[PDB]
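Two forms of a single protein chain come next, each set out by itself as structure tokens; they are called structure 1 and structure 2.
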Structure 1
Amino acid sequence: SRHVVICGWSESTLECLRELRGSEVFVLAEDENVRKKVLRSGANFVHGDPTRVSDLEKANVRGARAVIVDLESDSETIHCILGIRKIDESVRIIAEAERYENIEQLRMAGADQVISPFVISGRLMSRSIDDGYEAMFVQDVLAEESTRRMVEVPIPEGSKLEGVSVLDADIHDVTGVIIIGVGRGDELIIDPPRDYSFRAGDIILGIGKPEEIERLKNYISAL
């Protein structure tokens, strides 16, 4: 119920374990060099072929909290996702796509969230030739968290901000957090209009220093 299955092993999935409890994580892989590394990392190892439905079942993908898929090829990545969806239609699947062409192929396979790090890396490479300021921000906010970080803060039922305009909310002046967007119902609205009214269940996506984030957390609370 709480457990997370990881199909494949890479520096990404390793970094994924940084923020996850390790005894809740089952890593599904065939290779024995991977087994040593998984155990060394304090996570659980399940021997099998992630492109095989039989082994996917054995990994208890059925009731999983989420399944993370990064395999050696976008081909294997796509086949693993297809196999999961034969087992559980509703299970949350997060997958890493290597080639841009295949991002949409991962979605049509049932990936709930796709991440394409080579596409991101490549853009930043070419764009950092003449001006490196976009890359500096990405490194600080999305990687190292030197100063600030992105944050998703949910809006509770008893929230003082319910129904309030984003202009009247003035989240930047109060909190200090730059508001990127607000999502709900698996739909992300970026840079909402001034007349936008907050609803409960809405999630606020923003960027800010640690203190600025606590103030945003504080600002959204019981009436």
Structure 2
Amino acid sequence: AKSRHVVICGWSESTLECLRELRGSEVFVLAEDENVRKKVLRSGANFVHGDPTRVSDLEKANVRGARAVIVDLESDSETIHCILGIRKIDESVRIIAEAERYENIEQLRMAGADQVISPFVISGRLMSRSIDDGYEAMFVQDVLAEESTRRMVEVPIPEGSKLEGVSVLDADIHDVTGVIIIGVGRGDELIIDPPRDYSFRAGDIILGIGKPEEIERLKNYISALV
């Protein structure tokens, strides 16, 4: 949870939405196609005209000691290539990549990716599941894309939180706040539906779903004792 700069390698629709979500932070977009420059600037970010597979260009984009580097190239091959180059410059910087083919997630990880996201798998699955209803899709589309009614959130548990050492069962988060708790994160591991007898700890990241008002309630509920 730092506040350095972010580097985005490659341009695509993903990168565009992603850049929107970062509207209000210093971002550097490294890309070959010069056309894109306009769009990147007209969005607050800094454009760095270059090649993400070229280590010298990655350097010019300030990949070293960056808060995180996001990669989404025109090819899983190029993404793997870019990543390799990144690790050469900084072997600790957090790397998030987009995989187009499922079979490449592993290789992407082996290259140095800290988090891999596979949109087509997600898409193809939602589609095959919408041949009769659209409920699952509607849900995903509403919470993960248009973030309409609800939204998915990560809420860190401060040191001295009111839920410090409180079991899931006793916290009664959903009924008190309206937020559906879907998981707890500790040491970059994730317990999907944590057991009622699970106690919280400072540092833990509660993963829930809820409307902005319910998320705000949860945040007050998580607060540290005054």
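Residue indices: 1-based, along structure 1. Between two forms, the rigid core is defined as the largest C-alpha subset superposing within 1.5 Å.
Looking at CA displacements between the two structures with the core superposed, a shift of 2 Å or more is confined, among 180, 171, 161, 34, to 34.
Relative to the superposed core, residue 22 undergoes a C-alpha shift of no less than 2 Å between the two structures.
Once the rigid core is matched between the two structures, the CA atom of residue 135 is found 0.7 Å away.
On rigid-core superposition between the two structures, the C-alpha of residue 57 is found to move 2.1 angstrom.
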